[PDB]
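# Structural overview for review
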Amino acid sequence: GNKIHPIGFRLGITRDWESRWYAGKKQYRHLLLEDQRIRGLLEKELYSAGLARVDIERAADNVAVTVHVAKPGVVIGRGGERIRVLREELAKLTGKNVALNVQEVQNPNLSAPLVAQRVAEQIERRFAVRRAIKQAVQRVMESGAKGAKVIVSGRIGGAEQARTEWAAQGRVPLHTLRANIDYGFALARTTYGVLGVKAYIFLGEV
RNA sequence: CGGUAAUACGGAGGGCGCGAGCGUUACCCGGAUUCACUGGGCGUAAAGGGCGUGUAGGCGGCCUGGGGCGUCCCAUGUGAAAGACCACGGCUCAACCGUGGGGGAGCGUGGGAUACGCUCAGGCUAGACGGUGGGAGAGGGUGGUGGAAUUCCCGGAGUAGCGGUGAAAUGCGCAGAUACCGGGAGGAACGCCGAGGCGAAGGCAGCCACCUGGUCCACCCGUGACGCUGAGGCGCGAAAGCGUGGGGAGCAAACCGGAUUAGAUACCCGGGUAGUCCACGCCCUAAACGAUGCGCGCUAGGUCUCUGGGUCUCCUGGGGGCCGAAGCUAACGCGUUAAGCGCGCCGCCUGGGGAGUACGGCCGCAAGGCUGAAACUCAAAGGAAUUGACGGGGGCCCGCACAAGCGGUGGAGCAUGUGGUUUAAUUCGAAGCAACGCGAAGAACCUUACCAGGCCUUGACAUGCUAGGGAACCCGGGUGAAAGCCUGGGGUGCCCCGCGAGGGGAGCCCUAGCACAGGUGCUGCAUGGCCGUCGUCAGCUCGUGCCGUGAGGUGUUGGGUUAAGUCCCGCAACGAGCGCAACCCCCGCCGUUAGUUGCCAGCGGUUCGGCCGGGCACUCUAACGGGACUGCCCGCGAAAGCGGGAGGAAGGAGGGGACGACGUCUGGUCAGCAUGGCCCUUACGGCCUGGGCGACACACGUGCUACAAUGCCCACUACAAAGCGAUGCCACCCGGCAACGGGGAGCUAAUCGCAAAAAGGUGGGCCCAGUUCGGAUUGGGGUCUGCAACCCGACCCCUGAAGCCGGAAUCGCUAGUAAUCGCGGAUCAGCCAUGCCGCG
RNA sequence: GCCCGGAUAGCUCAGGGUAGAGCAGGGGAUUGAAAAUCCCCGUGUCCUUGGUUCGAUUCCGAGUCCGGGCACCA
RNA sequence: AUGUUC
Ligand SMILES: [Mg+2]
Ligand SMILES: [Mg+2]
Ligand SMILES: [Mg+2]
Ligand SMILES: [Mg+2]
Ligand SMILES: [Mg+2]
Ligand SMILES: [Mg+2]
Ligand SMILES: [Mg+2]
Ligand SMILES: [Mg+2]
Ligand SMILES: [Mg+2]
Ligand SMILES: [Mg+2]
Ligand SMILES: [Mg+2]
Ligand SMILES: [Mg+2]
Ligand SMILES: [Mg+2]
Ligand SMILES: [Mg+2]
Ligand SMILES: [Mg+2]
Ligand SMILES: [Mg+2]
Ligand SMILES: [Mg+2]
Ligand SMILES: [Mg+2]
Ligand SMILES: [Mg+2]
Ligand SMILES: [Mg+2]
Ligand SMILES: [Mg+2]
Ligand SMILES: [Mg+2]
Ligand SMILES: [Mg+2]
Ligand SMILES: [Mg+2]
Ligand SMILES: [Mg+2]
């Protein structure tokens with residue numbers, strides 16, 4: 001029981017909110033709830049698209065949602081039919097009118113959430129974990145990270161004895177607060193239960 | 001292997017291997033260099049005999065000759081056939097068979113060779129012995145005799161204790177001890193010298209004499225291989241022990257007493273018999289050890305030391321040590337004093353246990369010794385080194401760890417969590433630290449997981465399919481504690497055939513049917529996620545190099561320094577990473593920006609409160625900056641750093657946060673959530689009313705209030721900070737002793753409100769008392785929240801418990817800390833909050 | 001008879017204002033647990049009688065029952 | 001001085 005959330009630890013400094021609206025005591029409750037049914041819906045529908053973030057701004061009580069995906073192709077559709085329904089789905093579940101923008105994650109191999117998702121997906125499909133891990137870290141570093149770490153939880157290869165295979169390269173100065181360590185976490189659901197996957201990508205300083 | 005995902009069980013499919021076969025068991029060889037001739041070993045793994053002496057035996061320097069036994073050569077005989085091997089052939093092949101061919105050690109016979117081994121003969125002098133001359137020595141034996149000490153006896157002198165331990169007592173002592181002195185006895189051992197020396201081993205220590213063994217050196221004088229080893233045999237063999245005698249001071253198994261202890265048949269104390277001593281005779285063992293058989297040769301050196309010799313600053317011999325060449329070694333280590341390189345000879349080993357046991361035999365007075373198995377059993381036993389961890393090991397070093405302090409807990413009441421008991425239920429989890437005011441940041445119903453009873457089933461919730469009706473919605477009627485069951489009505493916007501009949505229609509809702517939902521049911525060793533914890537401890541690693549057969553090591557052992565693997569110095573390492581620190585927030589000094597709702601210094605006015613003008617200066621607010629870095633000075637130091645000083649609001653990490661390395665704990669959580677697997681399906685799901693989680697003979701944790709005078713009560717008067725609030729904070733009136741109730745402004749809040757801060761200060765009262773201390777308990781009468789306060793709420797208003805500072809123990813804190821005093825918040829209708837998180 | 005002493009909790013024993021250790025039970029405390037160890041409980045006609053005293057288990061005098069020693073018993 | 005166990 002230790003190591004605090006490398007995002008939570010940064011926030012004001014180095015790394016920004018995933019939702020930036022204001023609301024007073026009477027309001028926050030309901031907009032936060034929305035935010036959440038929003039993220040939740042997009043979290044499962046845009047799985048194939050490899051989504052890293054779901055940033056949510058909110059102004060004249062109107063809602064813009066930026067979805068930072070690796071595969072905008074997938075969220076869009078051929079000529080944008082899929083993103084049609086997506087804009088209508090959100091509107092169905094929120095009593096409101098919601099801008100849904102896409103944004104290509106330029107390099108998906110520096111997106112901790114994606115790197116993490118990829119390894120998780122690999123595991124879900126009976127891939128060797130140690131290798132999967134080690135490779136993920138090679139990909140991250142090749143893509144110019146100053147350092148990267150990846151951690152698969154336990155029940156690797158299906159064992160009775162749960163474990164925790166880690167693997168890392170470069171600097172990952174978690175105590176350093178100017179660092180800019182993206183962090184990411186996906187599940188592997190398996191016949192044999194869940195393994196969790198943590199990726200840390202270190203990108204630079206100041 | 002098998003514990004609920006089993007490539008190891010059983011079956012299936014699939015595969016691999018052989019195939020008229022494939023497996024099994026048994027036995028032999030192999031692997032097994034694990035009986036080692038080829039081809040092993042004995043320092044610590046199993047293995048050097050306890051040491052001499054020596055018999056058989058094994059082995060034997062240099063030269064010359066004779067012999068020709070070994071040995072080698074040639075011929076020749078023999079080595080039957082079959083088999084084996086080569087060729088060619090017969091059965092259609094092959095198996096099987098034929099024919100021919102080459103082998104083959106052995107042994108006989110003849111002839112020959114003579115290097116080596118043997119043998120006979122002669123020779124040599126390098127091995128061995130001897131002569132002469134010198135030497136060192138706890139080598140042995142017998143005799144004596146010297147002083148110190150202990151004990152005892154006789155005295156003297158002197159008196160109250162001595163002795164002894166962790167502490168004591170036993171014991172000795174007034175019948176005179178202990179300490180001191182004189183006289184004497186007797187036994188044992190020899191201080192200093194003293195570390196080395198001698199001996200084959202065991203072992204050997206005052207001095208003197210006699211007897212006696214080994215050994216070294218020199219001259220190079222004599223003999224001339226006379227040598228090495230040595231199964232047996234013979235002798236020697238520590239200590240204990242045995243027999244007969246002696247002797248007996250000190251010591252001291254056993255034993256007796258005293259302690260210690262749970263016991264103490266021990267360790268500590270006081271005594272004490274064998275024995276320890278001597279003679280003679282036995283015993284024959286041992287960690288009898290260098291755990292290393294003896295002899296010889298050969299392979300760098302350095303250094304200390306004993307003892308000889310030397311035209312003596314070094315050489316030369318013999319011993320004893322330490323370090324090391326090459327080499328060996330599993331490693332440790334050994335290394336001209338070999339565990340190296342070699343030859344001779346002896347001894348011994350062959351997994352562990354059983355067991356040095358049994359049986360037998362030999363020896364012994366006995367104790368016992370020697371020789372020495374097997375059954376059965378295990379899958380190891382084991383050596384060395386490595387990384388850890390551990391220590392009632394060491395050094396160095398840290399933390400409120402102790403210590404120094406100050407205040408508490410443990411006692412009392414009560415609050416609260418827990419054990420337990422109880423109950424229909426008292427849901428469930430947390431268990432040393434790191435469970436127990438913990439999950440719970442809010443249990444009357446709800447919560448709520450439990451109990452009772454009454455009710456519901458495609459369901460309180462989801463996705464979707466079939467179908468007559470209904471298709472939104474909304475209202476009452478019975479029966480009920482409520483759920484629910486039964487009921488009767490108001491009444492179709494919408495897509496659309498349409499100008500309508502009438503008729504398609506999608507939401508949506510009920511009925512039945514189908515899939516499915518639901519499960520706080522189990523497993524925290526199936527899990528994720530999150531957390532605790534060691535520990536904010538100073539660590540944990542890596543890349544390449546180098547060291548090691550290797551695990552691994554170095555780096556990161558050392559010296560200094562730091563809060564720190566912080567830094568410095570050093571170094572077969574040079575770097576790096578996760579940690580430390582820094583980057584982030586708060587607090588402390590100042591600046592710039594900004595001037596309302598905040599401030600009010602100087603004005604002017606004034607119903608006093610900055611109220612109005614003005615103004616933002618100061619205070620604030622809050623955003624951005626500056627500022628500290630051992631930077632400067634002195635001293636110490638090689639440096640890092642340290643001591644001190646100055647300036648500065650602030651130093652030596654300025655004070656607090658946030659922050660928790662690789663890992664540990666099969667830690668915690670399936671009951672927050674997620675999740676594999678297991679389980680429930682008119683019930684383990686779901687709804688309700690009521691009860692319970694609040695029970696109380698007990699025990700424990702954390703707290704609160706106290707026991708009072710540095711106090712308590714009443715009046716009056718001050719000085720905060722951080723928060724919170726528009727179905728809420730509530731000013732201010734009024735009524736009420738009061739909780740509160742009626743009114744009722746202001747406040748989307750730097751505006752108005754909660755708000756009184758309390759301790760403090762000033763008055764007064766109490767006068768040491770179970771009290772004007774303390775406020776438990778209990779009776780009544782009220783208030784408020786809420787459908788409802790019986791179990792079970794808080795608050796107000798009129799009994800007055802225990803408790804006179806708390807046993808063994810035990811906690812917190814190092815400075816704006818502890819101690820004490822209040823204030824706010826989350827949860828929340830209300831509150832059992834004395835808790836928690838914060839604020840001053 | 002005479003002189004001495006004893007009688008205290010269930011047992012074994014300590015002692016002018018006051019009743020105690022010990023053993024056994026039970027709570028605690030210590031330990032990570034368990035033992036060992038430490039602490040706290042509840043227990044009396046203080047033999048009986050009269051005296052002294054404000055107070056007696058304590059001092060006095062008597063008496064009973066024991067123990068020691070000595071008398072002696074019609 | 002002593003001071004056991006899992
Ligand atoms: Mg063999
Ligand atoms: Mg061998
Ligand atoms: Mg051994
Ligand atoms: Mg051995
Ligand atoms: Mg020997
Ligand atoms: Mg001979
Ligand atoms: Mg001769
Ligand atoms: Mg001569
Ligand atoms: Mg002997
Ligand atoms: Mg002897
Ligand atoms: Mg004798
Ligand atoms: Mg005897
Ligand atoms: Mg003794
Ligand atoms: Mg031996
Ligand atoms: Mg050496
Ligand atoms: Mg026998
Ligand atoms: Mg202390
Ligand atoms: Mg108490
Ligand atoms: Mg459970
Ligand atoms: Mg666990
Ligand atoms: Mg548990
Ligand atoms: Mg467990
Ligand atoms: Mg409770
Ligand atoms: Mg009292
Ligand atoms: Mg008093």
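Everything discussed here concerns the structure shown above.
Okay, so let's go over this structure.

## A word on the sheet that holds strand β7 (residues 181-190)
An order of β6-β5-β8-β7 is seen for the four strands of this open sheet, with the pairing classed as antiparallel. The sheet is open, and its two borders are formed by β6 (168-170) and β7, each paired with just one other strand. Here the average twist between neighbouring strands, direction ignored, is 10 degrees. Where strand β5 (residues 147-152) and strand β8 (residues 193-202) come together, six bridges link them in antiparallel fashion.

## A short note on the pairing of β5
Most of β5 is tucked away: six of the six residues are buried. The alternating pattern of β5 places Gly 147, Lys 149 and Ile 151 on one face and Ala 148, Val 150 and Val 152 on the opposite face, and all of these are buried. The pairing of β5 with β6 spans three bridges and is classified as antiparallel. Pairing of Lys 149 across the sheet is with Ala 168, part of β6.

## A word on the packing of helix α1 (residues 25-45) against helix α3 (residues 82-93)
Running from N to C, α1 and α3 cross one another at 150 degrees; their axes reach a closest spacing of 10 Å. Classed by the angle they form, the pair α1 and α3 counts as roughly antiparallel. When the axes of α1 and α3 are compared, the crossing they make is right-handed. Of α3, the residues touching α1 (which contributes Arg 37, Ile 38, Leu 41, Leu 42 and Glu 45) are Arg 82, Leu 86, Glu 89, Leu 90 and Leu 93. Classifying every residue of the contact of α1 with α3 gives six nonpolar, no polar and four charged.

## With respect to the nonpolar core
Proteins that are soluble and globular tend to have nonpolar side chains buried together. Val 115, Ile 123, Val 150, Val 152 and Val 197 are the most contacted members of the largest nonpolar core, which has 24 residues in total. For this core, the secondary structure elements donating two or more residues are α4 (112-124), α5 (129-142), β5, β7 and β8. Sequence-distant contacts of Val 197, that is, excluding residues within four places in its chain, are made with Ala 116, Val 119, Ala 120, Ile 123, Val 150, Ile 151, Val 152, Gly 184, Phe 185 and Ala 186. Counting residues in each nonpolar core, the second largest holds 19 residues, with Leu 31, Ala 49, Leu 86 and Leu 100 among its members.

What counts as what
- Bear in mind the residue numbers are our own, running from 1 along each chain as written, so they may not match the entry, and residues with no coordinates are left out.
- The lettering of chains begins at A and the numbering of ligands begins at 1, in the order of writing.
- What you see is a piece of a larger assembly; the numbers all apply to this piece alone.
- The basis for the side-chain values is all heavy atoms of the structure; hydrogens and waters are excluded.
- A pair of strands is considered paired only if DSSP assigns at least 2 bridges between the two.
- Strands here mean DSSP runs of E at least two residues long; helices mean DSSP runs of H or I at least four residues long; both are numbered from the N terminus.
- To get an axis, fit a line to the C-alpha atoms, keeping to the stretch in contact for a helix; angles then go from 0 to 180 degrees between the N-to-C directions.
- Exposure is judged per residue with a 1.4 Å probe applied to protein chains only, and the accessible area is read against the type maximum: over 50% gives exposed, under 20% gives buried, and values in between give partly exposed.
- In what follows, roughly perpendicular refers to angles from 65 to 115 degrees, roughly parallel to angles under 35, roughly antiparallel to angles over 145, and oblique to any angle outside these ranges.
- For a crossing to be left-handed, the near helix must be turned anticlockwise from the far one by less than a right angle; the clockwise case is right-handed.
- Should any heavy atoms of two residues lie within 4.5 Å, those residues are considered in contact.
- Three classes are used: nonpolar for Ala, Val, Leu, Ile, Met, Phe, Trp, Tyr, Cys and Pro, charged for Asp, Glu, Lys and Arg, and polar for all others, with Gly counted as polar.
- The definition of a nonpolar core used throughout is a set of buried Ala, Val, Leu, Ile, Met, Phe, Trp, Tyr and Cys residues joined through side-chain atoms within 4.5 Å.

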